[PDB]
Amino acid sequence: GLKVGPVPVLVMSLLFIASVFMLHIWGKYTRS
Amino acid sequence: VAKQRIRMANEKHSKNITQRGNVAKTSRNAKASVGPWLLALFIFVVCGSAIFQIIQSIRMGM
Amino acid sequence: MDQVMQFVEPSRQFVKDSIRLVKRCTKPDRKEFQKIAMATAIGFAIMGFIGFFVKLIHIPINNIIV
Amino acid sequence: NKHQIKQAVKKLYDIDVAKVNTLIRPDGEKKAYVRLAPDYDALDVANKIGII
Amino acid sequence: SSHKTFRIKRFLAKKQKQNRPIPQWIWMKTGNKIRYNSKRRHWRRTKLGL
Amino acid sequence: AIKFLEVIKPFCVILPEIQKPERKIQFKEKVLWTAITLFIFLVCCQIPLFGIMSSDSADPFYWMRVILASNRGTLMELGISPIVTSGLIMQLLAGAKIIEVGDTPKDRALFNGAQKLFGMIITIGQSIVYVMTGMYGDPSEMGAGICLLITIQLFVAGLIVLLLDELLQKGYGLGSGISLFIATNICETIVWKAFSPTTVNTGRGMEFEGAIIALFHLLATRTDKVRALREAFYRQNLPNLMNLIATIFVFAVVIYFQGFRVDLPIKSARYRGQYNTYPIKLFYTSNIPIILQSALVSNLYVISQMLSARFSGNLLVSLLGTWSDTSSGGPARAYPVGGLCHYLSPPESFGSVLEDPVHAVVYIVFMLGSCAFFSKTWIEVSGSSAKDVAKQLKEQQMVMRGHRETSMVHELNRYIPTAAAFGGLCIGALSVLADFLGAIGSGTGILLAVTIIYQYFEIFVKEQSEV
Amino acid sequence: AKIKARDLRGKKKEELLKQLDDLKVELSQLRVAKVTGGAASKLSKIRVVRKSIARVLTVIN
Ligand SMILES: [Mg+2]
């Protein structure tokens, strides 16, 4: 399959982690 | 055992001149120690687990 | 008695085999047992502590967010 | 000798011996073929000794 | 011969056991000089004399 | 079999496959890789999804959440099950020889790559279900936009786990990632409950959940020390030190039996000395059996529920199982009141066991027998039976001293089949004994964590020894 | 738990004989372990139990 590094595997996960937090922050902020 | 089988097998081997490089290892092509009844039983345990969980979720979905 | 012995024998043999197997196992020694316990106990604590703390930090963040 | 082998086997493992056969190997060791009485199972005895 | 004395069979058995290669960890010993067993005997090339 | 593999080949071209580590990673770097990969996994398990509105729904799979390490109302709702179920059934097919994996690295790689393909598919199917069935709400009322974000969150979140697991297995980490995650939840579950600083507003008043912590507060408050200790030990609504004592008692029993092994003497067929040992561990089949037993237990419950809810008036249906969705005090739970499934269910406490002994007896007989049966058969599927092991040793030019190559199967047959069968009976017994004594969490989960830790320690020692 | 000659000096003949018997039984088990795949720890114990046997016999003599 597609060959990817280990840090990008690390990075994409952090990107997913931070992004969900942004949605939660955005969602609550807009709900105010 | 029929002694004529020596001749049949001997003649049959002599036919191998035409398929040099791809002679079949074994003429007696004709077993899973795992019994078919037990193999089906093992399937009923493992495969279904994903399927049933979906159905139970479906049951809780209505 | 045959049908009973047909069912009894595989059971009876299995118990005998189990006893036979256990006597042949190299059971851990007292020094071996203590050594393994310390390593497992440490790993149990290190791993739980990390999760414990990680869980404790999130609680306020989760409640504050939600 | 066979008598000594028989008595040692009985006392060491508390079993009963039917007969003993012996040979001296080409490497100089003596091998004993100890047969147990029909009421003892060598396979069971071998487990106790640790052979199996 | 198959007909053997105990003393002869005991002498032959000791000659059997000496006739092996050296262990290979002997090589790594600190002051070692031995490379191989220089006293190997072959039943056909050299005879025991008894 | 080749046709099935080939049809999967074109899809394996696009799948995200981690690159192998070219340079020999040092132990310090590997441990770091594990620690971060572990740390991230915890971060994901705690985070609730975005858009949830209801989470107090009852959990019929309350048991399975710990085993598969899934936290309800969080990104790890799916957990590793889309991988475990995949990993199980692939090995089942290959063990059944339905899919003949060649010794070629491509066929092995395609087999492994194929495993992932079904693994993510299960994730997609479950996640689509989890969204469609509306276990959080009503897709009409949440709105299509909300639904898709939950699905994509679930899909990649499961995706991240697979690569993280793949990263560890590919040498960047240590041991097996799947094992690490499952053991991770178990220890945190045990440790958190003992030291939870959360308190519960019971009708009597505010009460600490922590078994250790609650004792301190009660001792620091209740003048009657005996009353405090007695109260802190039998909080039937909260974890108690009595359970903590039981959990530790299990911890010792499992260690002692984890070290059991039969050491067969072997050597190299080419060189003198070099005497080595092939170990046959008592838990030959490892934690796999009891996992199968629970599923077969779960499968019967589903079939019993579906038939009962439609034809409860049929005698056969009643014998199969009868359910009552008792909802007294806590969340609604479907319990088996009558039929075969009832006896197949685990009695909660010793008192319940003593009340109806036959319920435990039938439960004991089946659980032990099933665990032994699953282990005994998994050998011929796992590709680790006597004939298989003998084949591996012959390839490695190993042999038993004094034996011909062909008599090693017989020697291995003495211990392998018996270890597998007895291995299941012991692991099945330990789960029963832990639950009966009331271990914190679950004996199965307890067994998994300790077993994994030792295996993770085993590589730890081997890697540490080299340095 | 090691056997030292100083410990055995005051012991009666019967205790030393019994102590000797335990060592001899232990050695026999070890020689079984030597051929049935015992651990390196068990192999190393052979020399320790042999010299322990020599110590007891030395004190008896
Ligand atoms: Mg000549």
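Residues numbered from 1 in each chain as written, not as in the entry; some residues may be left out. Chains lettered and ligands numbered in written order. Part of a larger assembly, values for the part shown. Heavy atoms only, no water.

Regarding how it was determined, this PDB entry cites cryo-EM in its header, along with a resolution of 2.69243 Å.

Draft legend 1. Expanded view of a positive patch on the surface. A cluster of basic residues, F:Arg401, G:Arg31, G:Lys34, G:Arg47, G:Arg50 and G:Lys51, forms a positive patch at the surface. Sorting the residues of the positive patch by element identifies α2 (13–35) and α3 (40–60) of chain G as the ones contributing at least two each. Here F:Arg401 shows up in the loop between β8 (398–399) and α18 (408–437). What makes F:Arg401 exposed here is its relative accessible area of 59%. (Patch = residues over 30% accessible without salt bridge, like charges linked within 9 Å, V, L, I, M, F, W, Y side chains within 5 Å. Areas by Shrake-Rupley, 256 points an atom, 1.4 Å probe, with all protein chains shown as cover. Salt bridge = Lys/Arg side-chain N within 4 Å of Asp/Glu carboxyl O. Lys, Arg positive; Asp, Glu negative; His and termini not counted. Charge placed at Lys NZ, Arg CZ, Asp CG, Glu CD. Helix = DSSP H or I, 4+ residues; strand = E, 2+ residues; numbered from the N terminus. Buried < 20%, exposed > 50% of the residue type's maximum accessible area, 1.4 Å probe, protein only.)

Draft legend 2. A look at empty space enclosed by the protein. Roughly 310 Å³ of volume is contained in the largest cavity. What lines the largest cavity is a set of 22 residues, among which B:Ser49, B:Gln53, F:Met64, F:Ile291 and F:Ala295 lie closest to the centre. Of all elements in the fold, only α2 (36–60) of chain B together with α3 (62–68), α4 (81–95) and α12 (288–311) of chain F reach the threshold of two or more residues within the lining of the largest cavity. In the lining of the largest cavity, the residues fall into 14 nonpolar, eight polar and no charged. Taken as a whole, the second largest cavity encloses approximately 100 Å³ of empty space. Taken together, F:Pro16, F:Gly79, F:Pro82, F:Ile83, F:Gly119, F:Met120, F:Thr123, F:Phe155, F:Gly158, F:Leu159 and F:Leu162 make up the lining of the second largest cavity. Elements with a contribution of two residues or more to the lining of the second largest cavity: α4, α5 (105–132) and α7 (144–169) of chain F. With four residues, α7(F) is the largest single contributor of residues to the lining of the second largest cavity. In terms of residue class, the lining of the second largest cavity is built from seven nonpolar, four polar and no charged. (1 Å grid on protein atoms, 1.4 Å probe; cavity = no way out; pocket = protein on both sides within 12 Å on 5 of 7 lines; lining within 4 Å. Points joined across faces, edges and corners; volume = space filled by probe spheres on them. Nonpolar A, V, L, I, M, F, W, Y, C, P; charged D, E, K, R; others polar.)

Draft legend 3. Up close: the pattern of salt bridges. All names here are of chain F. Summed over all chains, the structure comprises 20 salt bridges over all chains. Across the pair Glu6 and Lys9 runs a salt bridge, and its minimum N-O distance is 4.0 Å. With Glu6 and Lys9 both in helix α1 (residues 2–12) and three residues apart, this pair spans about one turn of that helix. Residue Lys462 pairs with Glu458 through a salt bridge whose shortest N-O separation is 2.9 Å. One end of the pair, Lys462, and the other, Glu458, are both in helix α19 (residues 443–466), four residues apart, so they sit about a helical turn from each other.

Draft legend 4. Geometry of the UniProt feature "transmembrane region" in chain A. UniProt records the feature "transmembrane region" for residues 8–27 of chain A in the present numbering. Taken end to end, residues 8–27 of chain A is 100% helix and 0% strand, and its first and last C-alpha atoms sit 28 Å apart. (UniProt positions renumbered as here; feature names shortened; annotations may be inferred.)

Draft legend 5. Structural view of the nonpolar core. Within the largest apolar cluster, 66 residues are counted, with the highest numbers of intra-cluster contacts made by F:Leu75, F:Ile80, F:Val161, F:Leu180, F:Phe181 and F:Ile186. Among the elements that make up this core, the one with the highest residue count is α7(F) (eleven residues). Discounting chain neighbours no more than four positions away, the residues touching F:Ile80 are F:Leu68, F:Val161, F:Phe181 and F:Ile182. C:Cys25, C:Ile36, F:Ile266 and F:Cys426 belong to the second-largest nonpolar core, a separate cluster that totals 38 residues. (Core = buried A, V, L, I, M, F, W, Y, C linked by side-chain atoms within 4.5 Å. Contact = heavy atoms within 4.5 Å.)

Draft legend 6. Layout of the interface of chain C and chain F. Counting from both sides, the interface comprises 30 residues of chain C and, opposite them, 38 residues of chain F. Interface of chain C and chain F: buried area, both sides summed, is about 3,200 Å²; carbon and sulfur atoms make up 81% of it. Taken together, the connections running from chain C to chain F amount to zero salt bridges. Our count for the chain C to chain F interface comes out at three residue pairs in polar contact. At the level of elements, α1 (2–24) and α2 (30–65) of chain C are the ones that each hand at least two residues to the side of chain C that touches chain F. (Buried area = accessible area lost by both parts, 1.4 Å probe. Polar contact = N/O pair within 3.5 Å; in protein donor to acceptor, adjacent residues only side chain to side chain.)

Draft legend 7. How the structure looks around the arrangement of the chains. Here eleven pairs of chains are in contact, and chains C and F lead that list by number of contacts. A gap remains between chain B and chain D, with no contact made and the closest C-alpha atoms lying 27 Å from each other. Chain B shows no contact with chain G. Their nearest C-alpha atoms sit 31 Å apart.

Draft legend 8. Up close: the sheet that holds strand β4 (residues 261–268) of chain F. Residues and elements named next belong to chain F. Read across the open sheet, the three strands follow the order β5-β4-β8; overall the sheet is antiparallel. Every interior strand has two partners, whereas the edge strands, β5 (276–281) and β8, have only one. Note that β4 and β5 share six bridges and pair antiparallel. Paired with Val262 across the two strands is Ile280, which belongs to β5. (Pairing = 2+ DSSP bridges.)

Draft legend 9. Expanded view of unusual backbone geometry. Its identity is not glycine, yet D:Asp14 carries a phi of approximately 55 degrees, on the positive side. Within the secondary structure, D:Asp14 sits in the loop between α1 (2–13) and β1 (17–24). Here the phi dihedral of F:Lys97 falls at roughly 65 degrees; this positive angle occurs in a residue that is not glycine. Its place among the elements puts F:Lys97 in the loop between α4 and α5. For F:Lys97, a relative accessible area of 64% gives the class exposed.

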